[PDB]
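Considered here are two forms of the same protein chain, supplied as structure tokens in two stand-alone entries, structure 1 and structure 2.
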Structure 1
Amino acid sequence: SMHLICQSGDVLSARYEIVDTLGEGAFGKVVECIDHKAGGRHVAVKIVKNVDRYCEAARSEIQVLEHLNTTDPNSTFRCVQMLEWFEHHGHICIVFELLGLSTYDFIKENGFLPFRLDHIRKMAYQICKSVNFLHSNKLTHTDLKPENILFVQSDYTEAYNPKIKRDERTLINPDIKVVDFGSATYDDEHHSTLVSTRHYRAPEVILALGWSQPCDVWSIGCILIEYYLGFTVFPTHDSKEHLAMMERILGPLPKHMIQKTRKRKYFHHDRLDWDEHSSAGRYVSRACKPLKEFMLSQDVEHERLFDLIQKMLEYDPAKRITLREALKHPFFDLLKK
């Protein structure tokens, strides 16, 4: 059991002393450690469950990272640096540079308040650039979400905010890196139709129409909205409900995608088989609404962000904006000189 080897004070590989837990996922956990063979430098160690599927994903992640960290040794494109890996009591352990809080945890610890728009702009730009780098190297991440975007330094300043009537944390440096390459898939590898359920899943994934780089762009759209609102606009883990939410926010799915899907169960006469008047249906109607109605201001920068988000949430992955195009969107003009 992981609990036997992941506690504060334990030593891994005769080297890494566990300080505390940084975070957890399906795979196991990530712990901060003091590296006694590198002068006491603190690092992050990802301790992977001794379970086939996660061992496999960990081996894949290692191969992806060897490739990315070799192609981009200075982390210009902001993928986390893997320092090494080892085994410990049958657990794969991957050692990474220590980063700050995930963008998820920062939001959580700031009372679910959104990020300020200028930070959203910088972070969005970096995410697009980082993931575009992956896209340039024939990779799709597939598991982009706020937990997998981390601040390089999550240090903040804190003031009372009269407008919200609560104390607010403001981030000092919004620079990020992307983590978790355990699902990342190369173009020449099999893109399994089977993908497991998230808030950040693209419609082509849910409908098993095949996926590739565009599914990442969808996820990034979901992320940006969450950064803007402080909460997710797809809070479900049921697929059909997810599709009903999409329809409420973005309009009906394209007929041609509905026609092509193997997932006939969701539909009836090429319309989503969804009772709006069920208790779940009434929840979807009242919680979800057309995308633009989530805007907190009509100011032009808000309108620019939402225009980009809308393009990232194009249903048809063949028509969805690419990250290469996203990087030229007007929302990013303020970052250029």
Structure 2
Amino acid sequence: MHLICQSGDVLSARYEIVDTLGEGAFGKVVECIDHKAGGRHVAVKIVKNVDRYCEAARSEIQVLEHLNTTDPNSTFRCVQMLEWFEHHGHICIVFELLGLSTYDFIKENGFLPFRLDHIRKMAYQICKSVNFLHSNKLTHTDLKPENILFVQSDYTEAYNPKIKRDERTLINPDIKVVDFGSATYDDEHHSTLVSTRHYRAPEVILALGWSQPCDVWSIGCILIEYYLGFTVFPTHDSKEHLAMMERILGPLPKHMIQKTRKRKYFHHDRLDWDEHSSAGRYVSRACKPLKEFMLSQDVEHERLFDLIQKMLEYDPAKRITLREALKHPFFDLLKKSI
């Protein structure tokens, strides 16, 4: 796909490529000048010409047509799709241009976490956006910091002596949600596997059936990452991930081990887990109870951790909904009267 385009090329007789914004297994996103919209800069996702990504792209176009007509002012912060077309047999989707992902920001900030005031604002907007999907019988299923994009990524920089780090701070942390190629309607077939290892809910790993609550799980994991700069589940292995969940959040509920067909993770009613193995020693060093990750015992940190704990409830029915999350005390500060 280096083959099919480059800087200076004009796509669909109107979109002049001026930059490549990023690349992925999924394809790439380029920045274009739209010569038929007064020179508006747009993002064009150019989809890898592979069955999986083609199918996801057609699905994304259908979901965004739905969300974007349902919410034409983008009150709920889903990215606006402008149109789509084909280029050398690749699907190309045109979006309003957004800045870099929250992942890429953290990376470019030397994996320093966001300060709590920005986490509060971003968390509220993510919950509100993803709650709009949940209001429209949709589950995103692949939420991650890479899929949350800043509207504008201008920042200030200052030495912080506390951590002896130069630190970037966004001027405006407003976000939009992207990547609707895995989004699943309530009445559609639910894939066995959904989500990216570090954000997968326990009911997904244990194949107990998933729906909107698996997005809540993902968002709790995203907020921990925002807070720390790193995932608290640093693994790609499902069984190790369960072992990390057990160290950070406590024992899996007996009713989830009882029901699961994923007997390969278990020995009787316990995780089939050797604490003394390489992976066992890594899990014991790397993981600890959730509240031990708090950087401050200040009440605003307790409030965030209270919300994260509710989002990381194992039972997906008990798990806080995003409608309830938007009412959580952590967001009181956002509701202080002007």
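Just so we're on the same page, residue numbers count up from 1 along structure 1's sequence. What we label the rigid core is the largest C-alpha set whose atoms superpose within 1.5 Å from one form to the other.
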query	finding
Residue from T261, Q153, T170, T197 whose Cα, after superposing the rigid core, lies 2 Å or more away between the two structures	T197
Core-aligned C-alpha movement of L327 between the two structures, 2 Å or more	no
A26 C-alpha shift between the two structures of 2 Å or more, rigid core reference	yes
Threshold 2 Å Cα movement between the two structures for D10, core superposed	yes
Shift in Å of the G40 Cα between the two structures [rigid core superposition]	2.3
Distance the CA of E84 travels between the two structures [rigid core superposed, Å]	0.5
